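The next block holds one structure in the form of structure tokens; read it before the comments.
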Amino acid sequence: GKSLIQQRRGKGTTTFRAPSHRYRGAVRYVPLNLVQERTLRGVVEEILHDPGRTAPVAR
Amino acid sequence: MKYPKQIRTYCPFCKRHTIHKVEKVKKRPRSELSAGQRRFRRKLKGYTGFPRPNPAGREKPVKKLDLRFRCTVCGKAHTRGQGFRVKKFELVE
RNA sequence: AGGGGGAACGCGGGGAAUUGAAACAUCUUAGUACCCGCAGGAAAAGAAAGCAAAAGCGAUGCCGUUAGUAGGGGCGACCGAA
RNA sequence: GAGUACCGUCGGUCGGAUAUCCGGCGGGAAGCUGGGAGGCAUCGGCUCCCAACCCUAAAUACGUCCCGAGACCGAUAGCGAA
RNA sequence: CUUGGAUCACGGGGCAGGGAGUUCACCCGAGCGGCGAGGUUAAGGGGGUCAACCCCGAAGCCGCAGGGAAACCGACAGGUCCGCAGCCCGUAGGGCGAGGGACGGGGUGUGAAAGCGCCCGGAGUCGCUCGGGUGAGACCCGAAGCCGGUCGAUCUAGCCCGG
RNA sequence: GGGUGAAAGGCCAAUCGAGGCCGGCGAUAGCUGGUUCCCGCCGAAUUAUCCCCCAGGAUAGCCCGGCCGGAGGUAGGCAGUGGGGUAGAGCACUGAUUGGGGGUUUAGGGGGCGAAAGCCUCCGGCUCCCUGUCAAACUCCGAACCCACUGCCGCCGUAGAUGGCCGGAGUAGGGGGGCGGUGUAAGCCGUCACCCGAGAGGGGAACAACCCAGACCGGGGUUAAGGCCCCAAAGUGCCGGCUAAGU
RNA sequence: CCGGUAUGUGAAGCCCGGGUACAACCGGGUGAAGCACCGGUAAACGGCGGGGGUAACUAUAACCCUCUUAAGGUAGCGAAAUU
RNA sequence: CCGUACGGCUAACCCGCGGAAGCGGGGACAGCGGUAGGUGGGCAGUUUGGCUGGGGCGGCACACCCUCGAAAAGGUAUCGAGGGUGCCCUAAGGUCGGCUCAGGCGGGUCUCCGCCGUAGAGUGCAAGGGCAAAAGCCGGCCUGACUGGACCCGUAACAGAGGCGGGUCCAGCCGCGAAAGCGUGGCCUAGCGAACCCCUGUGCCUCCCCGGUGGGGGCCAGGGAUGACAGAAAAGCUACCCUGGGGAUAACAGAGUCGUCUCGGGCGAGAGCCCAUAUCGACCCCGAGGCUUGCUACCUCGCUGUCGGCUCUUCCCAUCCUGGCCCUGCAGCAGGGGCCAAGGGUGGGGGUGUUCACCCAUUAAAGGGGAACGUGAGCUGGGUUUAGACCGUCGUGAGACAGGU
Ligand SMILES: [Zn+2]
């Protein structure tokens, strides 16, 4: 027999991959060997639209 | 159909007519230390299909009668002709 | 120091199907075609924890026979040593 | 000369059949008053040999080549190519 | 090809050249030839005027004893008859009569045994050629397809990047 | 056996219900096609049993070549010893089949005098006598013809019989004509062994199997089937009778 | 398909007994998953009936008697691209 | 002493963060290796019979017995006619003795005596055959329904044979009977089956130098089955379909035949006010043609495969009108029925792919057939038989429909 879309997605072709080069970076917090108790302070400077997040991001 | 329990017949060891009890033969199953069964076991092993035929559900409506006749003076058994098919069979006096 | 090259011959691994059995599945085709690796002018083996049978031989390797035999096998078609 | 001889089990392979060889898994020795083989396993007797480390010529196979030959072809033949 | 071809059945424009029962291994038989209760050498060795020629080499295979699953046991170099050819007596016929046919006796297996089966009264082996069977591409041509390893998205399908 | 598919099995370099290229590969086939000089001697079969057998094979029958052995054999007929159940015929068994008569009354449904299932019958039945019809699965009878054996005729045979051994095949779609079963018939299935197949020549206008007749080569003559007005070789032939419709 | 598993069966291994001067071998016990069992699920696959009788002339049956299913085709549309 | 179910820990192992070093979380689970059972068209390899007046659905003529067919020896086929077996029986089997059946008549009432009775009954089960001091019924005793072995007939003629079946015997041990004699299942003809493998019985031979034990192999006999019965272990679609071939085999036109079909005839029942024949002509009997349809399977499987329509030419007569005549239940006008006659004519439209059939309005009348169902190297292209898709039914499904679009 022939294949399914289910089954062709699992190989990783341009017909199925994510175009992540189009997105803004990943969103993580901070590594906590740095945040022992120091309670960093920061300032927001921009709010932006990400095509891979279904949510705005902030710099 | 009715057969007696004891019958007076020729015993080829005593070489004369003695009295004989009538026994049916009870069927036992195959042994594992036999050569055919050994062959079968080693041909079933590994990656194969099935190497022999497998007829499932093959029988006659009526089967013949194995019958052994055992003397009383010596206690040795023997066969008495060929077999004959009947559906019912019961031993009596 | 290695690396790449070399018809056929060589050592080591992986491994089909057509076909035959007047179908076919165990078998056969066949450890074949083909694939991967490693060497040479030859390679590989080689000096008994062996063969044998009341007698004895004395490392390996090649030819001729043993022999279509012992023996394997839907005990079928067929395969097959020392 | 130890995960070795050996024992069970699985897969492959062999003529190797309850008696071939290779590998995986689980167990596993004695060690010179010692140990192995003798076609199912075990007991006894007798016969033969000392594994788990290494090297080794000669007789052999081939012919991308050479010499030399031929009840071979003779330009639609003979190698695909005189 | 067909029961059946002038056929409204197939092949058939003309000429020249090419073009289809081969080779091996085993088995059954024959037409000749050699030795003969024995026949025959293979690999190989030696010699030579060196791929021709000559001598050695019987390992092995067949045969001389068969029966039986096996253990095991282990036979008639002629006792009788009928009789073809040919020979002898003859005048039509009669006698001996190889080879041929039929009895009798024996070995063994099976069976208490008798009887039954195979076997026994000396001919095989070694070659050349031919016919055939079986297997190998196996008289010549013809498949659709099955398996293995490499090549391709300048066509066309889809996606990304930059226009 | 993978890709891509707004899904049509659509596209993947004029190739897609699984690409192209070399290899296994001179794959296999019981199916179609082909198979190269001359003369001479002999000369078939398409049918019984078995096969997932029915377009194919094996065992036998039917042809050929060699040899052994050694004296009978029988494709025809005459007489005899035996067997048989067909055609035809008939009703003696099985079973069917018209009607009229007697005799007895009933297995049973119609009624009346049924004073009450009877002494009386019904219309049926049962036994006989006449009358009229039948049989692939009937026979008290019964041919022609067929088979086996024995003896004689006749043929073959010592220039080698019946018979036996060894080897090489081909044949497993048959058809005309006569007989039988089935079928509205055409045809289907068998049987017989004369012909075509595998058979020239002479005639039927021509015709595979209907008649004559079986064929080395050169020549001569008489016949067969059938024909004799012209085509066309040979009679406008002879006697008796019929047809008027080109029958 | 899901869930539950008290109970039955259910392979290898392990344990007991017999046998084997050892093994093969025989018997029993333990015994998962699955099956069997009990339940939920139809915008899950699919399925959704017959024979009779009856009203003031005739017709028709609003009605009743029965045989019967897991349940007996609802609203609508209907000789239909389905007759 | 051996396992377990559960709770807990961190030090193996997995996760993350991080040059690293370590820190955090989980944790002896998981993952990894080896083994055992299940589920499993997700992927593969294959099978899915044959005969068959084409094939398929149906049946079994696919193993056996009897009668006919069947042609007076033997043999002889068809999807030929008519029926049966795939068992039962310790007696329904062996023998010995005694006795006779069904049906009816005549007595007696609702099994009793006598008689006639060739079998008109019965036989374990079909048909045929056999059988009367019996081969039937009534009884008494037994188990030859045994062992070891030879030869011959059939299946299967003539003429090949594996397995099965029957028959004539030798020897042994036995039964019945006074004896002779009979008895190797059922009066004869049906009731069943290879190789390999396994089970049972019996008593002997053998396992790699020798000898023991356990276990294995062999000879002989009996049994477990292949019904497609001289023996594979086994379901379907193709309209996307491919190859090799077939007129050995259908649909299509031809040939053959003519039951059916169209067109007719003989006879005279009866009907027609009465009157057999103006007209009609039953029931029964005899035919032509080849324009319907079937049956068969002789030609053609790549010649062409087709229906209707348009265009164009020609023929038959069994005559619709047009010409000429005869009978009438023919007053005239007309009608009905028949003879000669084929020179000419026989048209236009509505729905339907239609042919035919139906309808309208006119007309002298608006006939029926053949020519490869005339005519696609002449056109068209509506229907029908490809590949796309929809509905209804059938099917678990792939899918099908001589059902529609
Ligand atoms: Zn005894």
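Chain labels follow the order of the structure tokens: the first chain is A, the next B, and so on; residue numbering restarts at 1 in every chain, and ligands are counted from 1 in their shown order.
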
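Inspection of the environment of ligand 1, which uses only C-alpha atoms (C1' of nucleotides) and all ligand atoms and a cut-off of 6 Å, identifies the neighbouring residues as residues 11, 13, 14, 71, 73 and 74 of chain B.
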
Store the residues picked out above in a file with N, CA, C and O atoms, as a PDB file, in the first residue's frame.
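Generated output (out-v9.pdb):
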```
ATOM      1  N   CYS B  11      -5.096 -70.593  21.821  1.00  0.00           N
ATOM      2  CA  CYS B  11      -3.943 -69.846  22.289  1.00  0.00           C
ATOM      3  C   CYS B  11      -2.697 -70.388  21.619  1.00  0.00           C
ATOM      4  O   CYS B  11      -2.370 -71.567  21.808  1.00  0.00           O
ATOM      5  N   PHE B  13       0.384 -69.996  22.204  1.00  0.00           N
ATOM      6  CA  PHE B  13       1.490 -70.324  23.088  1.00  0.00           C
ATOM      7  C   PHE B  13       1.243 -71.635  23.822  1.00  0.00           C
ATOM      8  O   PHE B  13       2.107 -72.517  23.833  1.00  0.00           O
ATOM      9  N   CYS B  14       0.081 -71.776  24.448  1.00  0.00           N
ATOM     10  CA  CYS B  14      -0.367 -73.053  24.980  1.00  0.00           C
ATOM     11  C   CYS B  14      -0.780 -74.032  23.886  1.00  0.00           C
ATOM     12  O   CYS B  14      -0.846 -75.237  24.147  1.00  0.00           O
ATOM     13  N   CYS B  71      -5.399 -64.757  27.293  1.00  0.00           N
ATOM     14  CA  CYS B  71      -5.551 -66.044  27.938  1.00  0.00           C
ATOM     15  C   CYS B  71      -5.543 -65.895  29.452  1.00  0.00           C
ATOM     16  O   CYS B  71      -5.181 -64.858  30.008  1.00  0.00           O
ATOM     17  N   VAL B  73      -4.471 -68.957  31.382  1.00  0.00           N
ATOM     18  CA  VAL B  73      -3.470 -69.906  31.851  1.00  0.00           C
ATOM     19  C   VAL B  73      -2.090 -69.263  31.850  1.00  0.00           C
ATOM     20  O   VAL B  73      -1.288 -69.468  32.769  1.00  0.00           O
ATOM     21  N   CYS B  74      -1.796 -68.473  30.821  1.00  0.00           N
ATOM     22  CA  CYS B  74      -0.527 -67.772  30.699  1.00  0.00           C
ATOM     23  C   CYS B  74      -0.662 -66.265  30.800  1.00  0.00           C
ATOM     24  O   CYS B  74       0.282 -65.601  31.232  1.00  0.00           O
TER      25      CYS B  74
END
```

Check: which chain A residues lie within 10 Å of chain E using only C-alpha atoms (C1' of nucleotides), as an MDAnalysis selection string: chainID A and resid 13:17 19

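For region 56-71 of chain C, the set of protein, DNA and RNA residues having any atom at most 9 Å away, when counting only C-alpha atoms (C1' of nucleotides) and skipping those fewer than 5 positions along the same chain, is residues 45, 46, 47, 48, 51, 80 and 81 of chain C; 15, 16, 17, 59 and 60 of chain D; 42, 43, 44, 59 and 60 of chain E.
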
Neighbour list for region 35-39 of chain E as a list in words, cut-off 12 Å, only C-alpha atoms (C1' of nucleotides), skip fewer than 4 positions in-chain: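 Within the cut-off, the hits are residues 58, 61, 62, 63, 64, 122, 123, 124, 125, 126 and 127 of chain E.
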
Atoms to include: C-alpha atoms (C1' of nucleotides). Write the selected residues as a PDB file, in the first residue's frame.
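selection_10.pdb written:
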```
ATOM      1  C1'   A E  58      46.587 -53.156 -10.456  1.00  0.00           C
ATOM      2  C1'   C E  61      36.376 -50.940  -9.955  1.00  0.00           C
ATOM      3  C1'   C E  62      33.690 -55.071 -12.256  1.00  0.00           C
ATOM      4  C1'   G E  63      33.584 -60.807 -12.074  1.00  0.00           C
ATOM      5  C1'   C E  64      34.256 -65.665  -9.886  1.00  0.00           C
ATOM      6  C1'   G E 122      32.205 -71.782 -14.835  1.00  0.00           C
ATOM      7  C1'   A E 123      31.794 -66.191 -18.866  1.00  0.00           C
ATOM      8  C1'   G E 124      33.143 -62.108 -17.999  1.00  0.00           C
ATOM      9  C1'   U E 125      35.721 -57.760 -18.507  1.00  0.00           C
ATOM     10  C1'   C E 126      38.370 -53.747 -21.494  1.00  0.00           C
ATOM     11  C1'   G E 127      37.783 -50.552 -25.814  1.00  0.00           C
TER      12        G E 127
END
```

Expected answer as a PyMOL selection string: chain C residues within 8 Å of chain B, only C-alpha atoms (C1' of nucleotides): chain C and resi 25-26+74

Chain H residues near chain A (10 Å cut-off, only C-alpha atoms (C1' of nucleotides)) as a PyMOL selection string: chain H and resi 17-18+23-24+42-43

Output N, CA and C atoms (P, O5', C5', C4', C3', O3' and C1' of nucleotides) for every residue in the selection just made, as a PDB file, in the first residue's frame.
```pdb
ATOM      1  P     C H  17      18.562  21.959  29.295  1.00  0.00           P
ATOM      2  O5'   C H  17      19.335  22.730  30.443  1.00  0.00           O
ATOM      3  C5'   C H  17      18.643  23.654  31.262  1.00  0.00           C
ATOM      4  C4'   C H  17      19.548  24.296  32.280  1.00  0.00           C
ATOM      5  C3'   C H  17      20.956  24.619  31.826  1.00  0.00           C
ATOM      6  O3'   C H  17      21.047  25.780  31.024  1.00  0.00           O
ATOM      7  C1'   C H  17      21.040  23.615  33.953  1.00  0.00           C
ATOM      8  P     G H  18      22.239  25.923  29.960  1.00  0.00           P
ATOM      9  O5'   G H  18      23.568  25.814  30.835  1.00  0.00           O
ATOM     10  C5'   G H  18      23.872  26.800  31.804  1.00  0.00           C
ATOM     11  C4'   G H  18      25.070  26.435  32.648  1.00  0.00           C
ATOM     12  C3'   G H  18      26.381  26.200  31.914  1.00  0.00           C
ATOM     13  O3'   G H  18      27.080  27.399  31.615  1.00  0.00           O
ATOM     14  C1'   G H  18      26.005  24.439  33.446  1.00  0.00           C
ATOM     15  P     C H  23      27.266  18.654  44.642  1.00  0.00           P
ATOM     16  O5'   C H  23      26.027  19.511  44.139  1.00  0.00           O
ATOM     17  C5'   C H  23      25.780  20.796  44.682  1.00  0.00           C
ATOM     18  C4'   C H  23      24.667  21.519  43.961  1.00  0.00           C
ATOM     19  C3'   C H  23      23.299  20.871  43.964  1.00  0.00           C
ATOM     20  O3'   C H  23      22.597  21.011  45.184  1.00  0.00           O
ATOM     21  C1'   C H  23      23.778  21.632  41.798  1.00  0.00           C
ATOM     22  P     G H  24      21.617  19.837  45.675  1.00  0.00           P
ATOM     23  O5'   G H  24      20.434  19.838  44.607  1.00  0.00           O
ATOM     24  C5'   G H  24      19.308  20.683  44.782  1.00  0.00           C
ATOM     25  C4'   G H  24      18.467  20.795  43.541  1.00  0.00           C
ATOM     26  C3'   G H  24      17.504  19.656  43.273  1.00  0.00           C
ATOM     27  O3'   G H  24      16.337  19.685  44.071  1.00  0.00           O
ATOM     28  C1'   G H  24      18.605  20.225  41.279  1.00  0.00           C
ATOM     29  P     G H  42      -4.409  -3.098   7.710  1.00  0.00           P
ATOM     30  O5'   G H  42      -2.974  -2.500   7.442  1.00  0.00           O
ATOM     31  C5'   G H  42      -2.689  -1.154   7.729  1.00  0.00           C
ATOM     32  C4'   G H  42      -1.236  -0.961   8.071  1.00  0.00           C
ATOM     33  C3'   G H  42      -0.259  -1.671   7.160  1.00  0.00           C
ATOM     34  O3'   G H  42      -0.001  -0.970   5.964  1.00  0.00           O
ATOM     35  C1'   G H  42       0.315  -2.092   9.404  1.00  0.00           C
ATOM     36  P     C H  43      -0.228  -1.681   4.548  1.00  0.00           P
ATOM     37  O5'   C H  43       0.941  -2.740   4.455  1.00  0.00           O
ATOM     38  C5'   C H  43       2.254  -2.282   4.269  1.00  0.00           C
ATOM     39  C4'   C H  43       3.320  -3.307   4.567  1.00  0.00           C
ATOM     40  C3'   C H  43       3.542  -4.395   3.541  1.00  0.00           C
ATOM     41  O3'   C H  43       4.282  -3.925   2.438  1.00  0.00           O
ATOM     42  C1'   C H  43       3.686  -5.283   5.734  1.00  0.00           C
TER      43        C H  43
END
```

DSSP-assigned helix (DSSP H, G or I) among chain A, expressed as a PyMOL selection string: chain A and resi 5-9+20-22

Residue hits in chain B, query chain G, radius 12 Å, only C-alpha atoms (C1' of nucleotides), as number ranges by chain: B: 31-34

Writing out the chosen residues with C-alpha atoms as a PDB file, in the first residue's frame:
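Ended up saving to again-v9.pdb:
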```
ATOM      1  CA  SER B  31       6.093 -39.878  22.997  1.00  0.00           C
ATOM      2  CA  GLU B  32       8.732 -37.169  22.922  1.00  0.00           C
ATOM      3  CA  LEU B  33      11.814 -39.413  22.881  1.00  0.00           C
ATOM      4  CA  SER B  34      10.880 -40.843  19.484  1.00  0.00           C
TER       5      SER B  34
END
```

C1' of residue 390 (chain H) to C1' of residue 238 (chain H), distance in Å rounded to a single decimal: 21.7 Å

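As for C1' of residue 203 (chain F) and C1' of residue 246 (chain F), they are spaced 28.9 Å apart.
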
For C1' of residue 119 (chain E) and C1' of residue 98 (chain E), the interatomic separation in Å (one decimal):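 Here the two named atoms are 25.9 Å from each other.
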